[PDB]
Amino acid sequence: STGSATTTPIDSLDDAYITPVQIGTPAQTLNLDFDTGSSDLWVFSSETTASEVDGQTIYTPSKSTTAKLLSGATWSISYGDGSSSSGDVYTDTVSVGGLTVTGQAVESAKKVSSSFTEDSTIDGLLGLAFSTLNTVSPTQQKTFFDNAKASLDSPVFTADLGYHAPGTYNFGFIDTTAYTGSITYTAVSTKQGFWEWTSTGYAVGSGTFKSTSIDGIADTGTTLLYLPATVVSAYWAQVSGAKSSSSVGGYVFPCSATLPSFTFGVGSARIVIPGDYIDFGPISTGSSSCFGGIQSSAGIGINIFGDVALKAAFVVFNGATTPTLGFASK
């Protein structure tokens with residue numbers, strides 16, 4: 001089997017992407033944030049604290065004939081940005097772009113932090129990291145991808161994120177028309193539960209390529225590109241007036257700038273992020289100071305190839321016995 005779903009930016013900055021997901025019988029369609037950096041599928045629901053819901057579409061398990069309470073199971077998760085959610089667990093039928101899993105753990109939020117409440121366009125998350133990170137207790141649950149794998153034509157999913165435009169998540173097949181040139185595959189470590197790999201270096205604008213190993217994760221659930229302070233300083237030094245601002249929380253630059261591109265290595269291949277992708281607009285409405293899309297990972301504890309990097313590529317998440325990552329230009 002296969003699945004194919006369109007994923008859409010939630011706003012004009014591509015702060016995140018939502019993909020329609022059918023849950024239960026009859027289908028309840030919720031727009032979820034597909035997150036290759038976590039492994040819980042959780043949703044706003046009929047059980048969510050009423051004051052913490054503001055515009056989201058909710059899953060109501062009592063209206064689904066295939067929903068079953070997973071007796072005794074709870075979940076609680078915290079993300080790298082400090083947001084969080086928690087609740088109990090149902091199993092139900094979950095379909096993505098024509099691909100159906102029965103008995104999927106659907107984690108029902110009783111509590112969500114303010115940033116989720118304030119995000120009216122995101123009805124939940126669908127984790128696509130490795131199932132070892134799943135927070136369900138006392139019995140850990142599998143991701144949608146892990147549940148689907150055996151039925152898939154090929155044990156893969158692909159992320160094809162758009163820049164200010166819709167894109168595509170495919171399950172079980174590689175759309176050879178969706179990218180240019182070849183796909184370069186690179187090794188993955190699952191030791192921390194992430195799609196963790198090692199980039200072979202970088203370049204800034206038309207600069208020469210610096211060969212250097214950069215360990216990081218492919219994370220569709222993170223907006224920006226977080227890299228070592230040395231790399232990030234080298235990038236922003238090429239933008240007149242750019243500076244790191246503690247008060248804002250990162251590198252800012254004059255909105256009048258033209259940003260250079262940023263290239264990262266995948267083995268011998270190169271992915272080029274256009275400078276435009278790195279502009280996240282005014283720090284506050286009306287400001288002439290703009291927020292940078294490449295930021296320091298120092299104090300995160302890990303480098304993150306978030307959407308800024310991934311949307312510049314066609315990305316293959318290969319979940320074979322030995323997982324790997326593939327990157328192609330597009």
# chains A, B, ... in the order shown; residues from 1 in each chain; ligands from 1
$ closest_atom_pairs --of "range 95-200 of chain A" --to "range 210-219 of chain A" --cutoff "6 Å" --atoms "only C-alpha atoms" --output "CSV"
residue,atom,partner,partner_atom,distance
A:195,CA,A:217,CA,5.4
A:196,CA,A:217,CA,4.3
A:197,CA,A:216,CA,5.6
A:198,CA,A:215,CA,4.3
A:199,CA,A:214,CA,4.9
A:200,CA,A:213,CA,4.8
$ closest_atom_pairs --of "range 20-135 of chain A" --to "range 153-174 of chain A" --cutoff "10 Å" --atoms "only C-alpha atoms" --output "CSV"
residue,atom,partner,partner_atom,distance
A:34,CA,A:169,CA,8.8
A:36,CA,A:159,CA,9.5
A:96,CA,A:171,CA,8.6
A:97,CA,A:170,CA,8.0
A:98,CA,A:171,CA,9.7
A:99,CA,A:171,CA,7.8
A:128,CA,A:157,CA,9.3
$ residues_around --residues "range 13-24 of chain A" --least-positions-apart "6" --cutoff "6 Å" --atoms "only C-alpha atoms" --output "mmCIF file with N, CA and C atoms, in the first residue's frame"
data_model
loop_
_atom_site.group_PDB
_atom_site.id
_atom_site.type_symbol
_atom_site.label_atom_id
_atom_site.label_comp_id
_atom_site.auth_asym_id
_atom_site.auth_seq_id
_atom_site.Cartn_x
_atom_site.Cartn_y
_atom_site.Cartn_z
ATOM 1 N N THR A 7 0.719 18.742 2.299
ATOM 2 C CA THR A 7 1.000 19.461 3.523
ATOM 3 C C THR A 7 1.110 20.950 3.208
ATOM 4 N N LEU A 30 -8.660 15.899 11.084
ATOM 5 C CA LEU A 30 -7.906 16.897 11.840
ATOM 6 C C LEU A 30 -6.630 17.236 11.067
ATOM 7 N N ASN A 31 -6.185 18.475 11.201
ATOM 8 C CA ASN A 31 -4.981 18.916 10.505
ATOM 9 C C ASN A 31 -3.846 18.814 11.483
ATOM 10 N N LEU A 32 -2.951 17.869 11.229
ATOM 11 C CA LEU A 32 -1.862 17.593 12.163
ATOM 12 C C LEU A 32 -0.525 18.090 11.650
ATOM 13 N N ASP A 33 0.364 18.344 12.609
ATOM 14 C CA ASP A 33 1.731 18.760 12.370
ATOM 15 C C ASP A 33 2.600 17.513 12.337
ATOM 16 N N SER A 64 -16.872 7.932 17.494
ATOM 17 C CA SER A 64 -16.239 6.970 16.604
ATOM 18 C C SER A 64 -16.518 5.535 17.030
ATOM 19 N N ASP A 92 -7.647 3.719 17.467
ATOM 20 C CA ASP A 92 -8.667 3.985 16.451
ATOM 21 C C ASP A 92 -8.037 3.842 15.087
ATOM 22 N N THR A 93 -8.876 3.982 14.071
ATOM 23 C CA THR A 93 -8.448 3.878 12.692
ATOM 24 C C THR A 93 -7.977 5.244 12.242
ATOM 25 N N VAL A 94 -6.782 5.271 11.669
ATOM 26 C CA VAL A 94 -6.132 6.502 11.257
ATOM 27 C C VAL A 94 -5.688 6.347 9.816
ATOM 28 N N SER A 95 -6.086 7.297 8.981
ATOM 29 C CA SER A 95 -5.731 7.260 7.579
ATOM 30 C C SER A 95 -5.053 8.564 7.165
ATOM 31 N N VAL A 96 -3.952 8.411 6.433
ATOM 32 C CA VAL A 96 -3.216 9.510 5.861
ATOM 33 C C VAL A 96 -3.113 9.346 4.356
ATOM 34 N N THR A 223 10.910 24.717 12.969
ATOM 35 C CA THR A 223 10.807 25.711 11.916
ATOM 36 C C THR A 223 12.155 26.037 11.279
ATOM 37 N N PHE A 280 12.613 35.410 8.101
ATOM 38 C CA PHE A 280 11.379 35.142 8.841
ATOM 39 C C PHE A 280 10.704 36.423 9.290
#
$ select_by_dssp --residues "range 99-156 of chain A" --states "strand (DSSP E or B)" --output "list in words"
residues 99, 100, 101, 102, 103, 104, 105, 106, 107, 108, 109, 110, 111, 112, 124, 125, 126, 127, 137 and 156 of chain A
$ closest_residue --among "A:322, A:181, A:2, A:40" --to "residue 150 in chain A" --atoms "only C-alpha atoms"
A:2
$ closest_residue --among "A:324, A:329, A:258, A:114" --to "residue 273 in chain A" --atoms "only C-alpha atoms"
A:329
$ residues_around --residues "residue 270 in chain A" --least-positions-apart "4" --cutoff "10 Å" --atoms "only C-alpha atoms" --output "PyMOL selection string"
chain A and resi 184+199-203+209+263-266+327-329
$ atom_distance --atom1 "CA of residue 178 in chain A" --atom2 "CA of residue 235 in chain A"
29.2 Å
$ residues_around --residues "residue 71 in chain A" --least-positions-apart "3" --cutoff "10 Å" --atoms "only C-alpha atoms" --output "PyMOL selection string"
chain A and resi 68+74+88-90
$ closest_atom_pairs --of "range 42-65 of chain A" --to "range 116-127 of chain A" --cutoff "8 Å" --atoms "only C-alpha atoms" --output "CSV"
residue,atom,partner,partner_atom,distance
A:42,CA,A:124,CA,5.4
A:43,CA,A:124,CA,4.2
A:44,CA,A:123,CA,5.6
A:52,CA,A:117,CA,5.3
A:53,CA,A:117,CA,5.6
A:54,CA,A:117,CA,5.8
A:55,CA,A:120,CA,4.9
A:56,CA,A:120,CA,5.0
A:57,CA,A:123,CA,5.7
A:58,CA,A:123,CA,6.8
$ write_last_selection --atoms "N, CA, C and O atoms" --output "CSV table (one decimal), in the first residue's frame"
chain,number,residue,atom,x,y,z
A,42,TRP,N,-0.9,12.9,18.8
A,42,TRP,CA,-1.8,13.4,19.8
A,42,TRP,C,-2.7,14.5,19.2
A,42,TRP,O,-2.3,15.2,18.2
A,43,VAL,N,-3.9,14.6,19.7
A,43,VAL,CA,-4.9,15.5,19.2
A,43,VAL,C,-5.7,16.3,20.2
A,43,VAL,O,-5.9,15.7,21.3
A,44,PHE,N,-6.0,17.5,19.9
A,44,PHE,CA,-7.1,18.2,20.6
A,44,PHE,C,-8.3,17.3,20.5
A,44,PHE,O,-8.5,16.6,19.5
A,52,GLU,N,-8.4,25.8,27.1
A,52,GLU,CA,-7.2,25.6,26.4
A,52,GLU,C,-7.4,25.3,24.9
A,52,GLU,O,-6.5,25.0,24.1
A,53,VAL,N,-8.7,25.3,24.5
A,53,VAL,CA,-9.1,25.1,23.1
A,53,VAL,C,-9.5,26.5,22.5
A,53,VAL,O,-10.3,27.1,23.1
A,54,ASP,N,-8.9,26.9,21.4
A,54,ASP,CA,-9.2,28.1,20.8
A,54,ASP,C,-9.2,28.0,19.3
A,54,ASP,O,-8.2,28.5,18.6
A,55,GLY,N,-10.2,27.3,18.7
A,55,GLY,CA,-10.4,27.3,17.3
A,55,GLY,C,-10.0,26.0,16.6
A,55,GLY,O,-10.2,25.8,15.4
A,56,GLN,N,-9.3,25.1,17.4
A,56,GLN,CA,-8.9,23.8,16.8
A,56,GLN,C,-10.1,22.9,16.6
A,56,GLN,O,-11.1,23.1,17.3
A,57,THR,N,-9.9,22.0,15.7
A,57,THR,CA,-10.9,21.0,15.5
A,57,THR,C,-10.5,19.8,16.4
A,57,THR,O,-9.4,19.4,16.5
A,58,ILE,N,-11.5,19.3,17.1
A,58,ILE,CA,-11.3,18.3,18.1
A,58,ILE,C,-11.7,16.9,17.7
A,58,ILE,O,-12.7,16.7,16.9
$ residues_around --residues "residue 75 in chain A" --least-positions-apart "5" --cutoff "12 Å" --atoms "only C-alpha atoms" --output "PyMOL selection string"
chain A and resi 39-43+70+84-90+105-112+133-141
$ decode --residues "range 49-108 of chain A" --atoms "C-alpha atoms" --output "PDB file, in the first residue's frame"
ATOM      1  CA  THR A  49      -9.568  21.527  29.015  1.00  0.00           C
ATOM      2  CA  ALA A  50     -12.150  23.833  27.414  1.00  0.00           C
ATOM      3  CA  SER A  51     -10.180  27.021  28.199  1.00  0.00           C
ATOM      4  CA  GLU A  52      -7.175  25.576  26.361  1.00  0.00           C
ATOM      5  CA  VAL A  53      -9.057  25.109  23.082  1.00  0.00           C
ATOM      6  CA  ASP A  54      -9.243  28.133  20.788  1.00  0.00           C
ATOM      7  CA  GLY A  55     -10.355  27.316  17.264  1.00  0.00           C
ATOM      8  CA  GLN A  56      -8.899  23.849  16.846  1.00  0.00           C
ATOM      9  CA  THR A  57     -10.858  20.951  15.462  1.00  0.00           C
ATOM     10  CA  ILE A  58     -11.279  18.280  18.120  1.00  0.00           C
ATOM     11  CA  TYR A  59     -11.345  14.495  18.022  1.00  0.00           C
ATOM     12  CA  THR A  60     -14.408  13.099  19.782  1.00  0.00           C
ATOM     13  CA  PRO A  61     -13.823   9.375  20.442  1.00  0.00           C
ATOM     14  CA  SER A  62     -17.378   8.807  21.709  1.00  0.00           C
ATOM     15  CA  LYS A  63     -18.533   9.577  18.154  1.00  0.00           C
ATOM     16  CA  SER A  64     -16.239   6.970  16.604  1.00  0.00           C
ATOM     17  CA  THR A  65     -17.498   3.404  16.417  1.00  0.00           C
ATOM     18  CA  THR A  66     -13.916   2.104  16.127  1.00  0.00           C
ATOM     19  CA  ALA A  67     -12.459   4.069  19.069  1.00  0.00           C
ATOM     20  CA  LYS A  68     -11.431   2.023  22.112  1.00  0.00           C
ATOM     21  CA  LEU A  69     -10.024   3.451  25.333  1.00  0.00           C
ATOM     22  CA  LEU A  70      -6.549   2.075  25.946  1.00  0.00           C
ATOM     23  CA  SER A  71      -7.189   1.211  29.560  1.00  0.00           C
ATOM     24  CA  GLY A  72      -4.752   2.758  32.019  1.00  0.00           C
ATOM     25  CA  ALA A  73      -2.574   4.484  29.422  1.00  0.00           C
ATOM     26  CA  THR A  74      -1.451   8.077  29.795  1.00  0.00           C
ATOM     27  CA  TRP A  75       0.991  10.307  27.979  1.00  0.00           C
ATOM     28  CA  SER A  76       2.887  13.465  28.675  1.00  0.00           C
ATOM     29  CA  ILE A  77       5.356  15.185  26.390  1.00  0.00           C
ATOM     30  CA  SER A  78       7.593  18.268  26.368  1.00  0.00           C
ATOM     31  CA  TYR A  79       9.120  19.642  23.212  1.00  0.00           C
ATOM     32  CA  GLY A  80      12.431  21.394  22.620  1.00  0.00           C
ATOM     33  CA  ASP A  81      10.693  24.754  22.428  1.00  0.00           C
ATOM     34  CA  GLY A  82       9.243  24.363  25.925  1.00  0.00           C
ATOM     35  CA  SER A  83       5.701  23.539  24.870  1.00  0.00           C
ATOM     36  CA  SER A  84       3.871  20.517  26.268  1.00  0.00           C
ATOM     37  CA  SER A  85       0.762  18.390  26.317  1.00  0.00           C
ATOM     38  CA  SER A  86      -0.640  15.338  28.107  1.00  0.00           C
ATOM     39  CA  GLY A  87      -3.697  13.137  28.407  1.00  0.00           C
ATOM     40  CA  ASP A  88      -5.014   9.610  27.906  1.00  0.00           C
ATOM     41  CA  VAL A  89      -5.067   7.225  24.966  1.00  0.00           C
ATOM     42  CA  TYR A  90      -7.494   5.633  22.533  1.00  0.00           C
ATOM     43  CA  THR A  91      -6.830   3.233  19.707  1.00  0.00           C
ATOM     44  CA  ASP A  92      -8.667   3.985  16.451  1.00  0.00           C
ATOM     45  CA  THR A  93      -8.448   3.878  12.692  1.00  0.00           C
ATOM     46  CA  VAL A  94      -6.132   6.502  11.257  1.00  0.00           C
ATOM     47  CA  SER A  95      -5.731   7.260   7.579  1.00  0.00           C
ATOM     48  CA  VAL A  96      -3.216   9.510   5.861  1.00  0.00           C
ATOM     49  CA  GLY A  97      -3.622  10.287   2.168  1.00  0.00           C
ATOM     50  CA  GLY A  98      -5.368   6.964   1.449  1.00  0.00           C
ATOM     51  CA  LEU A  99      -3.161   4.846   3.735  1.00  0.00           C
ATOM     52  CA  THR A 100      -4.978   3.251   6.658  1.00  0.00           C
ATOM     53  CA  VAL A 101      -3.739   1.950  10.002  1.00  0.00           C
ATOM     54  CA  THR A 102      -6.152   0.158  12.334  1.00  0.00           C
ATOM     55  CA  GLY A 103      -5.477   0.188  16.060  1.00  0.00           C
ATOM     56  CA  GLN A 104      -3.333   3.335  15.967  1.00  0.00           C
ATOM     57  CA  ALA A 105      -2.707   4.883  19.360  1.00  0.00           C
ATOM     58  CA  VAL A 106      -4.451   8.259  19.243  1.00  0.00           C
ATOM     59  CA  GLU A 107      -3.299  10.245  22.229  1.00  0.00           C
ATOM     60  CA  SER A 108      -6.097  12.472  23.509  1.00  0.00           C
TER      61      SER A 108
END
